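Text of the file start.pdb, holding PDB, C-alpha atoms (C1' of nucleotides):
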```pdb
ATOM      1  CA  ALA K 334     -24.915  -3.524 -40.971
ATOM      2  CA  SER K 335     -28.299  -4.223 -42.523
ATOM      3  CA  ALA K 336     -28.198  -7.745 -41.070
ATOM      4  CA  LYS K 337     -28.212  -6.504 -37.473
ATOM      5  CA  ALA K 338     -31.240  -4.304 -38.193
ATOM      6  CA  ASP K 339     -33.004  -7.230 -39.873
ATOM      7  CA  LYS K 340     -32.294  -9.296 -36.769
ATOM      8  CA  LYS K 341     -33.678  -6.408 -34.695
ATOM      9  CA  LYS K 342     -36.803  -6.537 -36.877
ATOM     10  CA  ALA K 343     -37.071 -10.274 -36.212
ATOM     11  CA  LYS K 344     -36.562  -9.842 -32.460
ATOM     12  CA  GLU K 345     -39.160  -7.082 -32.126
ATOM     13  CA  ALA K 346     -41.549  -9.232 -34.157
ATOM     14  CA  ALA K 347     -40.919 -12.067 -31.686
ATOM     15  CA  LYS K 348     -41.356  -9.680 -28.749
ATOM     16  CA  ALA K 349     -44.607  -8.420 -30.302
ATOM     17  CA  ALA K 350     -46.233 -11.819 -29.774
ATOM     18  CA  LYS K 351     -45.087 -11.881 -26.147
ATOM     19  CA  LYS K 352     -46.391  -8.444 -25.136
ATOM     20  CA  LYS K 353     -49.855  -8.566 -26.661
ATOM     21  CA  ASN K 354     -50.856 -11.808 -24.949
ATOM     22  CA  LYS K 355     -50.060 -10.378 -21.526
ATOM     23  CA  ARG K 356     -51.761  -7.051 -22.236
ATOM     24  CA  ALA K 357     -54.795  -8.659 -23.914
ATOM     25  CA  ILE K 358     -55.247 -10.735 -20.774
ATOM     26  CA  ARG K 359     -55.019  -7.408 -18.928
ATOM     27  CA  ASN K 360     -57.906  -6.085 -21.040
ATOM     28  CA  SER K 361     -59.985  -9.280 -20.769
ATOM     29  CA  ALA K 362     -60.784  -8.330 -17.184
ATOM     30  CA  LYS K 363     -62.493  -5.308 -18.773
ATOM     31  CA  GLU K 364     -64.163  -6.703 -21.906
ATOM     32  CA  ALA K 365     -65.528  -9.594 -19.857
ATOM     33  CA  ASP K 366     -66.000  -6.955 -17.083
ATOM     34  CA  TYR K 367     -64.946  -7.387 -13.496
ATOM     35  CA  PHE K 368     -67.672  -9.987 -12.846
ATOM     36  CA  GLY K 369     -69.410  -7.799 -10.266
ATOM     37  CA  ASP K 370     -66.074  -7.203  -8.511
ATOM     38  CA  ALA K 371     -64.883  -3.804  -9.713
ATOM     39  CA  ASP K 372     -64.319  -3.044  -6.019
ATOM     40  CA  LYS K 373     -61.452  -5.570  -6.066
ATOM     41  CA  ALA K 374     -60.640  -4.894  -9.747
ATOM     42  CA  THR K 375     -57.074  -4.000  -8.766
ATOM     43  CA  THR K 376     -56.793  -7.327  -6.925
ATOM     44  CA  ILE K 377     -58.096  -9.109 -10.047
ATOM     45  CA  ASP K 378     -55.547  -7.289 -12.216
ATOM     46  CA  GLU K 379     -52.558  -8.028  -9.972
ATOM     47  CA  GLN K 380     -53.624 -11.672  -9.592
ATOM     48  CA  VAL K 381     -53.896 -12.138 -13.350
ATOM     49  CA  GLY K 382     -50.524 -10.417 -13.563
ATOM     50  CA  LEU K 383     -49.127 -13.243 -11.423
ATOM     51  CA  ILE K 384     -51.060 -15.669 -13.656
ATOM     52  CA  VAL K 385     -49.521 -14.457 -16.926
ATOM     53  CA  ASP K 386     -46.073 -13.992 -15.409
ATOM     54  CA  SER K 387     -46.035 -17.490 -13.920
ATOM     55  CA  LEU K 388     -46.826 -19.191 -17.252
ATOM     56  CA  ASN K 389     -45.281 -19.878 -20.688
ATOM     57  CA  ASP K 390     -46.245 -18.450 -24.074
ATOM     58  CA  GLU K 391     -47.860 -21.620 -25.421
ATOM     59  CA  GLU K 392     -50.513 -21.635 -22.718
ATOM     60  CA  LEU K 393     -50.655 -17.859 -23.179
ATOM     61  CA  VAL K 394     -51.794 -18.370 -26.773
ATOM     62  CA  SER K 395     -53.922 -21.336 -25.652
ATOM     63  CA  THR K 396     -55.695 -19.178 -23.061
ATOM     64  CA  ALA K 397     -55.918 -16.400 -25.658
ATOM     65  CA  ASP K 398     -57.729 -18.815 -27.970
ATOM     66  CA  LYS K 399     -59.923 -19.799 -25.026
ATOM     67  CA  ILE K 400     -60.852 -16.189 -24.211
ATOM     68  CA  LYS K 401     -61.680 -15.340 -27.789
ATOM     69  CA  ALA K 402     -63.670 -18.575 -27.704
ATOM     70  CA  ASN K 403     -65.756 -16.852 -24.986
ATOM     71  CA  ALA K 404     -65.449 -13.069 -24.735
ATOM     72  CA  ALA K 405     -67.952 -12.528 -21.911
ATOM     73  CA  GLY K 406     -67.043 -15.796 -20.179
ATOM     74  CA  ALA K 407     -63.280 -15.604 -19.679
ATOM     75  CA  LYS K 408     -63.571 -16.172 -15.907
ATOM     76  CA  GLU K 409     -63.787 -19.957 -16.320
ATOM     77  CA  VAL K 410     -60.494 -19.903 -18.261
ATOM     78  CA  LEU K 411     -58.925 -17.700 -15.578
ATOM     79  CA  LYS K 412     -60.021 -19.949 -12.702
ATOM     80  CA  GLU K 413     -58.965 -23.046 -14.661
ATOM     81  CA  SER K 414     -55.497 -21.599 -15.271
ATOM     82  CA  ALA K 415     -55.426 -20.626 -11.592
ATOM     83  CA  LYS K 416     -56.150 -24.267 -10.731
ATOM     84  CA  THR K 417     -53.313 -25.404 -13.015
ATOM     85  CA  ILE K 418     -50.816 -22.917 -11.565
ATOM     86  CA  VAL K 419     -51.638 -23.891  -7.986
ATOM     87  CA  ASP K 420     -51.372 -27.564  -8.956
ATOM     88  CA  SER K 421     -47.940 -26.789 -10.422
ATOM     89  CA  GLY K 422     -46.711 -25.555  -7.032
ATOM     90  CA  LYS K 423     -45.039 -22.509  -8.570
ATOM     91  CA  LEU K 424     -47.578 -20.116  -7.076
ATOM     92  CA  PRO K 425     -49.533 -20.069  -3.782
ATOM     93  CA  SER K 426     -53.311 -20.360  -3.547
ATOM     94  CA  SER K 427     -53.601 -17.580  -0.939
ATOM     95  CA  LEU K 428     -52.397 -15.117  -3.591
ATOM     96  CA  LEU K 429     -55.056 -16.359  -6.063
ATOM     97  CA  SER K 430     -57.820 -17.021  -3.527
ATOM     98  CA  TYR K 431     -60.410 -15.312  -5.747
ATOM     99  CA  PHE K 432     -60.164 -17.717  -8.701
ATOM    100  CA  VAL K 433     -59.025 -20.822  -6.820
TER     101      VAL K 433
ATOM    102  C1'   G O   1      18.240   6.131   9.893
ATOM    103  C1'   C O   2      15.029  10.883  10.174
ATOM    104  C1'   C O   3      12.690  15.538   7.637
ATOM    105  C1'   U O   4      11.684  17.556   2.761
ATOM    106  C1'   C O   5      11.966  18.000  -3.501
ATOM    107  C1'   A O   6      10.252  14.535  -6.608
ATOM    108  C1'   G O   7       8.793   9.909  -8.383
ATOM    109  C1'   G O   8       5.267   6.360  -9.647
ATOM    110  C1'   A O   9       5.119   0.575  -9.782
ATOM    111  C1'   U O  10       0.333  -1.134  -8.071
ATOM    112  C1'   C O  11      -4.845  -0.943  -6.145
ATOM    113  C1'   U O  12      -9.643   1.420  -5.765
ATOM    114  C1'   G O  13     -14.012   4.771  -6.299
ATOM    115  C1'   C O  14     -17.325   8.439  -8.893
ATOM    116  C1'   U O  15     -19.392  10.875 -13.219
ATOM    117  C1'   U O  16     -20.376  10.056 -17.705
ATOM    118  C1'   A O  17     -19.066   8.078 -21.976
ATOM    119  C1'   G O  18     -20.027   5.175 -27.334
ATOM    120  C1'   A O  19     -20.891   0.406 -29.107
ATOM    121  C1'   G O  20     -22.503  -4.744 -29.313
ATOM    122  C1'   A O  21     -26.486  -7.149 -27.856
ATOM    123  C1'   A O  22     -28.891 -10.136 -23.692
ATOM    124  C1'   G O  23     -33.954  -8.981 -21.332
ATOM    125  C1'   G O  24     -38.351  -6.579 -20.092
ATOM    126  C1'   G O  25     -41.786  -2.557 -20.399
ATOM    127  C1'   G O  26     -45.103   0.610 -22.395
ATOM    128  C1'   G O  27     -47.939   4.239 -28.913
ATOM    129  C1'   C O  28     -48.075  -0.267 -31.273
ATOM    130  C1'   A O  29     -45.087   1.617 -38.219
ATOM    131  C1'   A O  30     -42.568   5.469 -35.298
ATOM    132  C1'   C O  31     -40.358   6.347 -30.341
ATOM    133  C1'   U O  32     -39.132   6.132 -25.151
ATOM    134  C1'   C O  33     -37.719   4.005 -20.403
ATOM    135  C1'   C O  34     -35.257   0.432 -17.213
ATOM    136  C1'   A O  35     -31.771  -3.076 -16.123
ATOM    137  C1'   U O  36     -27.723  -5.845 -17.357
ATOM    138  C1'   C O  37     -21.237  -8.993 -19.551
ATOM    139  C1'   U O  38     -17.739  -6.061 -22.052
ATOM    140  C1'   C O  39     -14.518  -2.297 -23.311
ATOM    141  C1'   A O  40     -12.572   1.917 -25.915
ATOM    142  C1'   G O  41     -12.209   7.298 -24.527
ATOM    143  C1'   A O  42     -12.487  11.354 -21.013
ATOM    144  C1'   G O  43     -11.827  13.731 -16.655
ATOM    145  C1'   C O  44     -12.643  13.864 -11.208
ATOM    146  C1'   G O  45     -10.010  11.423  -7.873
ATOM    147  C1'   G O  46      -7.945   8.813  -3.318
ATOM    148  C1'   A O  47      -4.324   5.442  -1.201
ATOM    149  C1'   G O  48       0.387   4.193  -2.851
ATOM    150  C1'   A O  49       5.812   0.275  -2.750
ATOM    151  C1'   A O  50      10.733   0.705  -5.262
ATOM    152  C1'   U O  51      13.768   4.758  -6.509
ATOM    153  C1'   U O  52      15.425  10.021  -5.844
ATOM    154  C1'   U O  53      16.963  16.195  -4.780
ATOM    155  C1'   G O  54      18.383  18.941  -0.617
ATOM    156  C1'   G O  55      18.872  19.443   4.749
ATOM    157  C1'   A O  56      20.189  18.110   9.800
ATOM    158  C1'   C O  57      21.640  14.260  13.192
ATOM    159  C1'   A O  58      25.961  11.576  12.558
ATOM    160  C1'   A O  59      28.304   5.710  13.867
ATOM    161  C1'   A O  60      32.730   4.017  11.892
ATOM    162  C1'   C O  61      37.325   4.531   9.182
ATOM    163  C1'   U O  62      41.902   7.298   7.455
ATOM    164  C1'   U O  63      45.201  11.352   8.459
ATOM    165  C1'   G O  64      48.012  13.935  11.772
ATOM    166  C1'   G O  65      48.330  16.553  16.490
ATOM    167  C1'   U O  66      47.751  16.502  21.819
ATOM    168  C1'   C O  67      47.077  14.893  26.827
ATOM    169  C1'   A O  68      47.221  10.904  30.491
ATOM    170  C1'   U O  69      49.429   6.137  32.233
ATOM    171  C1'   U O  70      52.481   2.008  31.632
ATOM    172  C1'   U O  71      56.619  -0.217  29.064
ATOM    173  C1'   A O  72      61.821  -1.859  25.975
ATOM    174  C1'   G O  73      67.010  -0.388  26.140
ATOM    175  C1'   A O  74      73.453  -1.698  24.774
ATOM    176  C1'   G O  75      75.676   1.826  28.428
ATOM    177  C1'   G O  76      76.293   5.180  32.421
ATOM    178  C1'   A O  77      76.373   7.313  37.049
ATOM    179  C1'   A O  78      74.221   5.912  41.482
ATOM    180  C1'   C O  79      72.516   4.550  46.684
ATOM    181  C1'   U O  80      71.982   0.521  50.144
ATOM    182  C1'   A O  81      73.101  -4.334  51.745
ATOM    183  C1'   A O  82      76.198  -8.023  54.102
ATOM    184  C1'   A O  83      81.268 -12.013  61.022
ATOM    185  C1'   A O  84      86.223 -10.815  59.997
ATOM    186  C1'   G O  85      88.718  -8.132  51.657
ATOM    187  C1'   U O  86      92.995  -4.062  50.422
ATOM    188  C1'   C O  87      95.212   1.062  50.982
ATOM    189  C1'   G O  88      95.770   5.133  54.503
ATOM    190  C1'   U O  89      94.095   7.050  59.320
ATOM    191  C1'   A O  90      90.813  12.449  58.109
ATOM    192  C1'   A O  91      87.376  13.082  62.861
ATOM    193  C1'   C O  92      86.696  12.512  68.732
ATOM    194  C1'   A O  93      91.936  14.462  72.960
ATOM    195  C1'   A O  94      94.873  21.082  71.195
TER     196        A O  94
END
```

Show me, as structure tokens, the structure contained in the file I just sent.
Amino acid sequence: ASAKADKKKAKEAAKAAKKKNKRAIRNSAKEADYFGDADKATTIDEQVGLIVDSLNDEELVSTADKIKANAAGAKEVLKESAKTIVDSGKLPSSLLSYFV
RNA sequence: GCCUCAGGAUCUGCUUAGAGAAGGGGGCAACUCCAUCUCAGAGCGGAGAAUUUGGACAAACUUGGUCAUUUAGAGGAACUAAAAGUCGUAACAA
């Protein structure tokens, strides 16, 4: 019916908020640059992949607000969130040894 | 009972196959991919009990027939038997 397509519209709208946080935090290693570590840029990208895939969407939008609060200084937000995720015990510090 | 003609309860796999949507991904108006619970619907199948066509092997039973060996029998004709039964004295002596 039309109702199922309207629900599909609602669900893709809801999914739109989820995707762009995780990909904007992908890009924020590039707009804030790799902090002198483009040699381990791939390591930075996989580690922040673990960061965004270990968290929830409310601290995704909180960290998004924090990284548009400082566009060239997102590394403090990344290391802070790394400290929170290793304090949570969900994720190991050896995997995120660069920011922790 | 065995071998074959069938038979198909039942069970399983593969390819899709269309749909609901879970859920994620990428261009971010589009669109595409990847998973999932479900089933229409299609073949490709494979194993497959009960039952069943025909064949041969054929126990056992019935029917006679036949062989072999025992066995009943009124009655009959025996033969033998046994210290003195009766009739005659055929034979040994020409």

Fewer than 5 positions away in the same chain doesn't count, so skip those; otherwise give me all residues within 8 Å of residue 362 in chain K, counting only C-alpha atoms (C1' of nucleotides), as a PyMOL selection string.
-> chain K and resi 367+377-378

Neighbour list for residue 389 in chain K as a list in words, cut-off 12 Å, all atoms listed in the file, skip fewer than 3 positions in-chain |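 Once the nearby chain positions are removed, what remains is residues 351, 354, 355, 384, 385, 386, 392, 393, 394, 395, 396, 414 and 418 of chain K.
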
When you get a sec, could you note down which chain K residues fall within 10 Å of chain O, using all atoms listed in the file, as an NGL selection string?
-> :K and (337 or 341 or 348-349 or 352-353)

At what distance in Å, to one decimal, does CA of residue 347 in chain K lie from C1' of residue 39 in chain O?
->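 It comes out at 29.4 Å.
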
How many Å lie between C1' of residue 48 in chain O and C1' of residue 11 in chain O, rounded to one decimal?
->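 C1' of residue 11 in chain O lies at a distance of 8.0 Å from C1' of residue 48 in chain O.
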
Run the PyMOL selection byres ((chain O and resi 49) around 8) on the file and write out the hits as a PyMOL selection string.
-> chain O and resi 9-10+48+50

Would you work out the distance separating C1' of residue 29 in chain O from CA of residue 334 in chain K, expressed in Å to one decimal?
-> 21.0 Å

Resolved residues for the PyMOL selection byres ((chain K and resi 413) around 12) as a list in words |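 So the PyMOL selection byres ((chain K and resi 413) around 12), applied here, picks out residues 384, 392, 396, 399, 400, 407, 408, 409, 410, 411, 412, 414, 415, 416, 417, 418, 419, 420, 429, 431, 432 and 433 of chain K.
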
Next, dump the selected residues to file, keeping only C-alpha atoms, as an mmCIF file, keeping the file's coordinate frame.
```
data_model
loop_
_atom_site.group_PDB
_atom_site.id
_atom_site.type_symbol
_atom_site.label_atom_id
_atom_site.label_comp_id
_atom_site.auth_asym_id
_atom_site.auth_seq_id
_atom_site.Cartn_x
_atom_site.Cartn_y
_atom_site.Cartn_z
ATOM 1 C CA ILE K 384 -51.060 -15.669 -13.656
ATOM 2 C CA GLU K 392 -50.513 -21.635 -22.718
ATOM 3 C CA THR K 396 -55.695 -19.178 -23.061
ATOM 4 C CA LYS K 399 -59.923 -19.799 -25.026
ATOM 5 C CA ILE K 400 -60.852 -16.189 -24.211
ATOM 6 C CA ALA K 407 -63.280 -15.604 -19.679
ATOM 7 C CA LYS K 408 -63.571 -16.172 -15.907
ATOM 8 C CA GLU K 409 -63.787 -19.957 -16.320
ATOM 9 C CA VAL K 410 -60.494 -19.903 -18.261
ATOM 10 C CA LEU K 411 -58.925 -17.700 -15.578
ATOM 11 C CA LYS K 412 -60.021 -19.949 -12.702
ATOM 12 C CA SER K 414 -55.497 -21.599 -15.271
ATOM 13 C CA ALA K 415 -55.426 -20.626 -11.592
ATOM 14 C CA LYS K 416 -56.150 -24.267 -10.731
ATOM 15 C CA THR K 417 -53.313 -25.404 -13.015
ATOM 16 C CA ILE K 418 -50.816 -22.917 -11.565
ATOM 17 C CA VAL K 419 -51.638 -23.891 -7.986
ATOM 18 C CA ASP K 420 -51.372 -27.564 -8.956
ATOM 19 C CA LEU K 429 -55.056 -16.359 -6.063
ATOM 20 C CA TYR K 431 -60.410 -15.312 -5.747
ATOM 21 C CA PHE K 432 -60.164 -17.717 -8.701
ATOM 22 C CA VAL K 433 -59.025 -20.822 -6.820
#
```

Run the PyMOL selection byres ((chain O and resi 58) around 12) against the file shown and list the residues it catches, as a list in words.
->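 With the PyMOL selection byres ((chain O and resi 58) around 12) on this model, the match is residues 1, 2, 56, 57, 59 and 60 of chain O.
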
Fix up range 342-365 of chain K with N, CA, C and O atoms, then write it as a PDB file, in the frame of the given file.
```pdb
ATOM      1  N   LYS K 342     -35.442  -6.392 -36.366  1.00  0.00           N
ATOM      2  CA  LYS K 342     -36.803  -6.537 -36.877  1.00  0.00           C
ATOM      3  C   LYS K 342     -37.404  -7.874 -36.467  1.00  0.00           C
ATOM      4  O   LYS K 342     -38.551  -7.941 -36.004  1.00  0.00           O
ATOM      5  N   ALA K 343     -36.617  -8.943 -36.604  1.00  0.00           N
ATOM      6  CA  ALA K 343     -37.071 -10.274 -36.212  1.00  0.00           C
ATOM      7  C   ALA K 343     -37.321 -10.357 -34.711  1.00  0.00           C
ATOM      8  O   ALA K 343     -38.330 -10.921 -34.268  1.00  0.00           O
ATOM      9  N   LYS K 344     -36.426  -9.773 -33.911  1.00  0.00           N
ATOM     10  CA  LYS K 344     -36.562  -9.842 -32.460  1.00  0.00           C
ATOM     11  C   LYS K 344     -37.743  -9.018 -31.959  1.00  0.00           C
ATOM     12  O   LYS K 344     -38.422  -9.419 -31.011  1.00  0.00           O
ATOM     13  N   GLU K 345     -38.015  -7.867 -32.582  1.00  0.00           N
ATOM     14  CA  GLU K 345     -39.160  -7.082 -32.126  1.00  0.00           C
ATOM     15  C   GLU K 345     -40.457  -7.720 -32.602  1.00  0.00           C
ATOM     16  O   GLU K 345     -41.506  -7.574 -31.962  1.00  0.00           O
ATOM     17  N   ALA K 346     -40.405  -8.438 -33.729  1.00  0.00           N
ATOM     18  CA  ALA K 346     -41.549  -9.232 -34.157  1.00  0.00           C
ATOM     19  C   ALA K 346     -41.830 -10.362 -33.171  1.00  0.00           C
ATOM     20  O   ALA K 346     -42.988 -10.665 -32.860  1.00  0.00           O
ATOM     21  N   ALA K 347     -40.767 -11.004 -32.677  1.00  0.00           N
ATOM     22  CA  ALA K 347     -40.919 -12.067 -31.686  1.00  0.00           C
ATOM     23  C   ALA K 347     -41.407 -11.514 -30.352  1.00  0.00           C
ATOM     24  O   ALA K 347     -42.195 -12.156 -29.648  1.00  0.00           O
ATOM     25  N   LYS K 348     -40.931 -10.323 -29.987  1.00  0.00           N
ATOM     26  CA  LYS K 348     -41.356  -9.680 -28.749  1.00  0.00           C
ATOM     27  C   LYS K 348     -42.796  -9.193 -28.854  1.00  0.00           C
ATOM     28  O   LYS K 348     -43.500  -9.086 -27.841  1.00  0.00           O
ATOM     29  N   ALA K 349     -43.250  -8.907 -30.079  1.00  0.00           N
ATOM     30  CA  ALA K 349     -44.607  -8.420 -30.302  1.00  0.00           C
ATOM     31  C   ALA K 349     -45.645  -9.470 -29.929  1.00  0.00           C
ATOM     32  O   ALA K 349     -46.721  -9.143 -29.421  1.00  0.00           O
ATOM     33  N   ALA K 350     -45.330 -10.744 -30.170  1.00  0.00           N
ATOM     34  CA  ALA K 350     -46.233 -11.819 -29.774  1.00  0.00           C
ATOM     35  C   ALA K 350     -46.276 -11.969 -28.259  1.00  0.00           C
ATOM     36  O   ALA K 350     -47.302 -12.355 -27.689  1.00  0.00           O
ATOM     37  N   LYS K 351     -45.164 -11.669 -27.587  1.00  0.00           N
ATOM     38  CA  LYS K 351     -45.087 -11.881 -26.147  1.00  0.00           C
ATOM     39  C   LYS K 351     -45.841 -10.800 -25.380  1.00  0.00           C
ATOM     40  O   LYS K 351     -46.470 -11.076 -24.351  1.00  0.00           O
ATOM     41  N   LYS K 352     -45.788  -9.557 -25.867  1.00  0.00           N
ATOM     42  CA  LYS K 352     -46.391  -8.444 -25.136  1.00  0.00           C
ATOM     43  C   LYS K 352     -47.913  -8.459 -25.237  1.00  0.00           C
ATOM     44  O   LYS K 352     -48.617  -8.161 -24.259  1.00  0.00           O
ATOM     45  N   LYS K 353     -48.443  -8.814 -26.410  1.00  0.00           N
ATOM     46  CA  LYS K 353     -49.855  -8.566 -26.661  1.00  0.00           C
ATOM     47  C   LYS K 353     -50.723  -9.620 -26.000  1.00  0.00           C
ATOM     48  O   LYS K 353     -51.875  -9.345 -25.668  1.00  0.00           O
ATOM     49  N   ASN K 354     -50.172 -10.817 -25.772  1.00  0.00           N
ATOM     50  CA  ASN K 354     -50.856 -11.808 -24.949  1.00  0.00           C
ATOM     51  C   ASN K 354     -51.061 -11.293 -23.534  1.00  0.00           C
ATOM     52  O   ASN K 354     -52.185 -11.298 -23.020  1.00  0.00           O
ATOM     53  N   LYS K 355     -49.987 -10.806 -22.914  1.00  0.00           N
ATOM     54  CA  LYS K 355     -50.060 -10.378 -21.526  1.00  0.00           C
ATOM     55  C   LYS K 355     -50.909  -9.123 -21.368  1.00  0.00           C
ATOM     56  O   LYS K 355     -51.609  -8.976 -20.363  1.00  0.00           O
ATOM     57  N   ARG K 356     -50.893  -8.222 -22.358  1.00  0.00           N
ATOM     58  CA  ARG K 356     -51.761  -7.051 -22.236  1.00  0.00           C
ATOM     59  C   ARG K 356     -53.200  -7.339 -22.673  1.00  0.00           C
ATOM     60  O   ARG K 356     -54.135  -6.686 -22.194  1.00  0.00           O
ATOM     61  N   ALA K 357     -53.425  -8.311 -23.558  1.00  0.00           N
ATOM     62  CA  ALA K 357     -54.795  -8.659 -23.914  1.00  0.00           C
ATOM     63  C   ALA K 357     -55.476  -9.373 -22.759  1.00  0.00           C
ATOM     64  O   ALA K 357     -56.683  -9.220 -22.534  1.00  0.00           O
ATOM     65  N   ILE K 358     -54.697 -10.123 -21.978  1.00  0.00           N
ATOM     66  CA  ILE K 358     -55.247 -10.735 -20.774  1.00  0.00           C
ATOM     67  C   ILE K 358     -55.413  -9.673 -19.680  1.00  0.00           C
ATOM     68  O   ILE K 358     -56.227  -9.830 -18.759  1.00  0.00           O
ATOM     69  N   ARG K 359     -54.685  -8.545 -19.787  1.00  0.00           N
ATOM     70  CA  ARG K 359     -55.019  -7.408 -18.928  1.00  0.00           C
ATOM     71  C   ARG K 359     -56.393  -6.857 -19.290  1.00  0.00           C
ATOM     72  O   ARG K 359     -57.221  -6.600 -18.408  1.00  0.00           O
ATOM     73  N   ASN K 360     -56.642  -6.668 -20.591  1.00  0.00           N
ATOM     74  CA  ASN K 360     -57.906  -6.085 -21.040  1.00  0.00           C
ATOM     75  C   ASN K 360     -59.096  -7.015 -20.835  1.00  0.00           C
ATOM     76  O   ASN K 360     -60.226  -6.534 -20.688  1.00  0.00           O
ATOM     77  N   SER K 361     -58.871  -8.332 -20.823  1.00  0.00           N
ATOM     78  CA  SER K 361     -59.985  -9.280 -20.769  1.00  0.00           C
ATOM     79  C   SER K 361     -60.662  -9.296 -19.401  1.00  0.00           C
ATOM     80  O   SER K 361     -61.729  -9.897 -19.236  1.00  0.00           O
ATOM     81  N   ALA K 362     -60.056  -8.648 -18.404  1.00  0.00           N
ATOM     82  CA  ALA K 362     -60.784  -8.330 -17.184  1.00  0.00           C
ATOM     83  C   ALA K 362     -61.708  -7.132 -17.379  1.00  0.00           C
ATOM     84  O   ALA K 362     -62.494  -6.808 -16.483  1.00  0.00           O
ATOM     85  N   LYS K 363     -61.616  -6.447 -18.521  1.00  0.00           N
ATOM     86  CA  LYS K 363     -62.493  -5.308 -18.773  1.00  0.00           C
ATOM     87  C   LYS K 363     -63.541  -5.620 -19.837  1.00  0.00           C
ATOM     88  O   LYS K 363     -64.693  -5.186 -19.722  1.00  0.00           O
ATOM     89  N   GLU K 364     -63.164  -6.349 -20.895  1.00  0.00           N
ATOM     90  CA  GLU K 364     -64.163  -6.703 -21.906  1.00  0.00           C
ATOM     91  C   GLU K 364     -65.136  -7.750 -21.372  1.00  0.00           C
ATOM     92  O   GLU K 364     -66.338  -7.703 -21.653  1.00  0.00           O
ATOM     93  N   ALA K 365     -64.634  -8.695 -20.577  1.00  0.00           N
ATOM     94  CA  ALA K 365     -65.528  -9.594 -19.857  1.00  0.00           C
ATOM     95  C   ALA K 365     -66.033  -8.993 -18.558  1.00  0.00           C
ATOM     96  O   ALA K 365     -66.715  -9.702 -17.808  1.00  0.00           O
TER      97      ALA K 365
END
```
